[PDB]
Amino acid sequence: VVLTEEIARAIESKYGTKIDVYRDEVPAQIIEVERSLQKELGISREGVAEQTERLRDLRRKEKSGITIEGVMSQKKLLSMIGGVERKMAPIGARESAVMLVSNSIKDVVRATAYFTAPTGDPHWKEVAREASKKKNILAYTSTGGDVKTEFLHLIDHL
Amino acid sequence: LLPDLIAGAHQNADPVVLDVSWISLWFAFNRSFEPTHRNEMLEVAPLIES
Amino acid sequence: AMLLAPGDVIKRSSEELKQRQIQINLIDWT
């Protein structure tokens with residue numbers, strides 16, 4: 001963990017590394033940032049005061065008688081975290097253009113497509129016939145092998 | 001035929017129109033037609049028409 | 001648009017359906 005949320009959000013901006021902040025839980029390991037990496041990232045002069053005052057509070061805690069060590073270089077910090085992100089990750093309006101997939105008999109009037117595969121359903125013959133009676137319907141079929149991967153591919157792509 | 005269809009008044013001859021769905025166009029483009037068995041009545045057609 | 005799928009594959013892939021936030025109506029045939 002790191003001594004402040006400010007550094008965590010700063011490295012979130014720099015790469016996106018989700019790093020937690022110490023909240024007096026356990027005698028854990030703490031990272032700290034000196035003048036070199038502060039000048040590297042460009043943190044405001046306000047945050048240096050907070051980090052140094054936390055460091056001297058830990059100094060007081062040590063004198064009252066917990067591990068703290070510092071990172072010096074960007075490459076060392078990259079090896080320290082052990083992960084580099086994949087930059088942008090946009091999120092769409094919804095997961096799929098299909099909102100509902102069901103089996104009920106009363107919904108065949110409103111249904112618009114159907115996939116078929118050998119299944120143990122007592123009403124599969126009935127629902128398949130009823131869906132096939134429509135004048136313009138979107139019917140897909142299985143060709144053996146793995147049905148789950150095909151259906152998952154179809155439901156992502158449709 | 002075409003000028004009569006454009007004018008709307010069919011004094012001479014009459015075509016006939018049939019209903020066809022939507023995806024039938026795509027499936028028709030994805031299919032073809034090739035002959036396999038000829039008309040059995042092709043041998044006596046001049047006789048029957050005479 | 002909506003779709004009709006067999007109950008067994010819905011029961012097997014219902015985790016993906018709830019992970020993708022899709023709506024399902026199902027009848028268990030015992």
# chains A, B, ... in the order shown; residues from 1 in each chain; ligands from 1
call {"tool": "interface_residues", "arguments": {"of": "chain A", "to": "chain C", "cutoff": "7 Å", "atoms": "only C-alpha atoms", "output": "compact mmCIF listing (two decimals) with N, CA and C atoms, in the first residue's frame"}}
result
# COMPACT_ATOMS: atom_id res chain seq x y z
N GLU A 95 -24.97 -4.25 -23.28
CA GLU A 95 -24.09 -5.36 -23.60
C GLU A 95 -24.39 -5.95 -24.98
N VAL A 98 -29.65 -7.63 -28.38
CA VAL A 98 -30.75 -8.48 -27.94
C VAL A 98 -30.97 -8.26 -26.45
N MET A 99 -32.20 -7.93 -26.08
CA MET A 99 -32.53 -7.62 -24.69
C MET A 99 -33.07 -8.82 -23.93
N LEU A 100 -33.70 -9.76 -24.62
CA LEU A 100 -34.41 -10.84 -23.97
C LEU A 100 -34.33 -12.10 -24.82
N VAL A 101 -34.06 -13.22 -24.16
CA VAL A 101 -34.10 -14.55 -24.77
C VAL A 101 -34.86 -15.46 -23.82
N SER A 102 -35.94 -16.07 -24.30
CA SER A 102 -36.83 -16.82 -23.43
C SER A 102 -37.23 -18.13 -24.10
N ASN A 103 -38.18 -18.82 -23.46
CA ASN A 103 -38.66 -20.12 -23.92
C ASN A 103 -40.18 -20.24 -23.85
N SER A 104 -40.86 -19.29 -23.20
CA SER A 104 -42.29 -19.42 -22.91
C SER A 104 -43.13 -19.45 -24.18
N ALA A 111 -41.70 -12.99 -30.33
CA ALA A 111 -40.32 -13.36 -30.59
C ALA A 111 -39.94 -13.05 -32.04
N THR A 112 -38.63 -12.89 -32.27
CA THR A 112 -38.11 -12.48 -33.57
C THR A 112 -37.03 -13.39 -34.14
N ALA A 113 -36.43 -14.27 -33.35
CA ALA A 113 -35.39 -15.17 -33.85
C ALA A 113 -35.36 -16.41 -32.97
N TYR A 114 -34.76 -17.48 -33.49
CA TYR A 114 -34.61 -18.69 -32.69
C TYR A 114 -33.47 -19.55 -33.20
N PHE A 115 -32.71 -20.09 -32.25
CA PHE A 115 -31.63 -21.03 -32.50
C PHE A 115 -32.11 -22.43 -32.14
N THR A 119 -32.31 -30.95 -28.14
CA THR A 119 -32.55 -30.64 -26.74
C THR A 119 -33.64 -31.55 -26.19
N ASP A 121 -36.45 -30.98 -24.46
CA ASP A 121 -37.57 -30.16 -24.02
C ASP A 121 -38.87 -30.76 -24.51
N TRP A 124 -40.20 -28.30 -27.23
CA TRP A 124 -39.29 -27.76 -28.24
C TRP A 124 -39.86 -27.93 -29.64
call {"tool": "select_by_dssp", "arguments": {"residues": "region 23-134 of chain A", "states": "alpha helix (DSSP H)", "output": "ChimeraX atom specification"}}
result
/A:35-41,45-63,74-81,124-132
call {"tool": "write_last_selection", "arguments": {"atoms": "C-alpha atoms", "output": "PDB file, in the first residue's frame"}}
result
ATOM      1  CA  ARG A  35      12.075  14.257  -4.772  1.00  0.00           C
ATOM      2  CA  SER A  36      13.145  12.414  -7.945  1.00  0.00           C
ATOM      3  CA  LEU A  37       9.844  10.686  -8.692  1.00  0.00           C
ATOM      4  CA  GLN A  38       7.887  13.675  -7.373  1.00  0.00           C
ATOM      5  CA  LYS A  39       9.643  15.838  -9.971  1.00  0.00           C
ATOM      6  CA  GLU A  40       9.046  13.066 -12.512  1.00  0.00           C
ATOM      7  CA  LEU A  41       5.276  12.884 -12.085  1.00  0.00           C
ATOM      8  CA  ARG A  45       3.718  21.142  -3.917  1.00  0.00           C
ATOM      9  CA  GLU A  46       0.856  20.577  -1.458  1.00  0.00           C
ATOM     10  CA  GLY A  47       1.151  16.785  -1.500  1.00  0.00           C
ATOM     11  CA  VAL A  48       4.838  16.679  -0.587  1.00  0.00           C
ATOM     12  CA  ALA A  49       3.883  18.175   2.775  1.00  0.00           C
ATOM     13  CA  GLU A  50       1.298  15.445   3.357  1.00  0.00           C
ATOM     14  CA  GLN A  51       3.667  12.618   2.431  1.00  0.00           C
ATOM     15  CA  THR A  52       6.533  13.978   4.541  1.00  0.00           C
ATOM     16  CA  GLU A  53       4.264  14.545   7.535  1.00  0.00           C
ATOM     17  CA  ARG A  54       3.000  10.961   7.239  1.00  0.00           C
ATOM     18  CA  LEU A  55       6.626   9.793   7.099  1.00  0.00           C
ATOM     19  CA  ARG A  56       7.501  11.739  10.249  1.00  0.00           C
ATOM     20  CA  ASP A  57       4.373  10.374  11.958  1.00  0.00           C
ATOM     21  CA  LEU A  58       5.711   6.888  11.201  1.00  0.00           C
ATOM     22  CA  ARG A  59       9.067   8.090  12.560  1.00  0.00           C
ATOM     23  CA  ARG A  60       7.310   9.090  15.792  1.00  0.00           C
ATOM     24  CA  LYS A  61       5.592   5.689  15.866  1.00  0.00           C
ATOM     25  CA  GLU A  62       8.975   3.970  15.510  1.00  0.00           C
ATOM     26  CA  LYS A  63      10.523   6.144  18.246  1.00  0.00           C
ATOM     27  CA  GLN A  74      10.217   4.662 -12.773  1.00  0.00           C
ATOM     28  CA  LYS A  75      11.514   1.279 -13.946  1.00  0.00           C
ATOM     29  CA  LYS A  76      11.831   0.207 -10.309  1.00  0.00           C
ATOM     30  CA  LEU A  77       8.234   1.312  -9.697  1.00  0.00           C
ATOM     31  CA  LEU A  78       7.096  -0.619 -12.777  1.00  0.00           C
ATOM     32  CA  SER A  79       8.795  -3.760 -11.455  1.00  0.00           C
ATOM     33  CA  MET A  80       7.366  -2.868  -8.034  1.00  0.00           C
ATOM     34  CA  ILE A  81       3.727  -2.892  -9.158  1.00  0.00           C
ATOM     35  CA  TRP A 124     -39.294 -27.764 -28.239  1.00  0.00           C
ATOM     36  CA  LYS A 125     -41.095 -29.300 -31.229  1.00  0.00           C
ATOM     37  CA  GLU A 126     -44.115 -27.064 -30.609  1.00  0.00           C
ATOM     38  CA  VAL A 127     -42.155 -23.831 -30.140  1.00  0.00           C
ATOM     39  CA  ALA A 128     -39.942 -24.602 -33.152  1.00  0.00           C
ATOM     40  CA  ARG A 129     -42.964 -25.209 -35.382  1.00  0.00           C
ATOM     41  CA  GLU A 130     -44.716 -22.063 -34.146  1.00  0.00           C
ATOM     42  CA  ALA A 131     -41.620 -19.929 -34.717  1.00  0.00           C
ATOM     43  CA  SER A 132     -41.120 -21.461 -38.171  1.00  0.00           C
TER      44      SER A 132
END
call {"tool": "select_by_dssp", "arguments": {"residues": "region 62-153 of chain A", "states": "strand (DSSP E)", "output": "VMD selection string"}}
result
chain A and resid 67 to 71 100 to 102 113 to 116 138 to 141
call {"tool": "interface_residues", "arguments": {"of": "chain A", "to": "chain B", "cutoff": "12 Å", "atoms": "only C-alpha atoms", "output": "mmCIF file with N, CA, C and O atoms, in the first residue's frame"}}
result
data_model
loop_
_atom_site.group_PDB
_atom_site.id
_atom_site.type_symbol
_atom_site.label_atom_id
_atom_site.label_comp_id
_atom_site.auth_asym_id
_atom_site.auth_seq_id
_atom_site.Cartn_x
_atom_site.Cartn_y
_atom_site.Cartn_z
ATOM 1 N N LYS A 134 -43.817 -18.356 -39.066
ATOM 2 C CA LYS A 134 -43.842 -16.924 -39.348
ATOM 3 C C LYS A 134 -43.285 -16.625 -40.737
ATOM 4 O O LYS A 134 -42.462 -17.379 -41.266
ATOM 5 N N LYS A 135 -43.736 -15.512 -41.324
ATOM 6 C CA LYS A 135 -43.380 -15.182 -42.703
ATOM 7 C C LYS A 135 -41.948 -14.687 -42.848
ATOM 8 O O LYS A 135 -41.343 -14.890 -43.905
ATOM 9 N N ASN A 136 -41.401 -14.026 -41.832
ATOM 10 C CA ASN A 136 -40.038 -13.520 -41.875
ATOM 11 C C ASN A 136 -39.415 -13.656 -40.497
ATOM 12 O O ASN A 136 -39.632 -12.811 -39.621
ATOM 13 N N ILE A 137 -38.637 -14.721 -40.307
ATOM 14 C CA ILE A 137 -38.052 -15.027 -39.009
ATOM 15 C C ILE A 137 -36.578 -15.339 -39.216
ATOM 16 O O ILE A 137 -36.138 -15.632 -40.331
ATOM 17 N N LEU A 138 -35.811 -15.260 -38.133
ATOM 18 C CA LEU A 138 -34.361 -15.433 -38.180
ATOM 19 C C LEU A 138 -34.027 -16.729 -37.449
ATOM 20 O O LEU A 138 -33.971 -16.779 -36.220
ATOM 21 N N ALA A 139 -33.806 -17.788 -38.220
ATOM 22 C CA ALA A 139 -33.568 -19.115 -37.674
ATOM 23 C C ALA A 139 -32.105 -19.507 -37.828
ATOM 24 O O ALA A 139 -31.525 -19.382 -38.910
#
call {"tool": "atom_distance", "arguments": {"atom1": "CA of residue 86 (chain A)", "atom2": "CA of residue 73 (chain A)"}}
result
21.6 Å
call {"tool": "residues_around", "arguments": {"residues": "residue 1 (chain B)", "least_positions_apart": "6", "cutoff": "9 Å", "atoms": "only C-alpha atoms", "output": "MDAnalysis selection string"}}
result
chainID B and resid 10 12:15
call {"tool": "write_last_selection", "arguments": {"atoms": "N, CA, C and O atoms", "output": "short mmCIF file (atom, residue, chain, number, x, y, z; two decimals), in the first residue's frame"}}
result
data_model
loop_
_atom_site.label_atom_id
_atom_site.label_comp_id
_atom_site.auth_asym_id
_atom_site.auth_seq_id
_atom_site.Cartn_x
_atom_site.Cartn_y
_atom_site.Cartn_z
N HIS B 10 -55.25 -1.26 -69.12
CA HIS B 10 -54.79 -2.45 -69.82
C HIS B 10 -55.84 -2.91 -70.82
O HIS B 10 -56.59 -3.86 -70.59
N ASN B 12 -55.14 -4.27 -73.76
CA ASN B 12 -54.66 -5.40 -74.55
C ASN B 12 -54.46 -6.66 -73.72
O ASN B 12 -55.13 -7.67 -73.95
N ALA B 13 -53.56 -6.63 -72.74
CA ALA B 13 -53.16 -7.85 -72.04
C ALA B 13 -53.02 -7.56 -70.56
O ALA B 13 -52.91 -6.41 -70.13
N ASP B 14 -53.01 -8.63 -69.77
CA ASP B 14 -53.04 -8.53 -68.31
C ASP B 14 -51.95 -9.39 -67.70
O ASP B 14 -51.94 -10.62 -67.92
N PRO B 15 -51.03 -8.82 -66.94
CA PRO B 15 -50.09 -9.62 -66.14
C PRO B 15 -50.71 -9.97 -64.79
O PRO B 15 -51.78 -9.49 -64.43
#
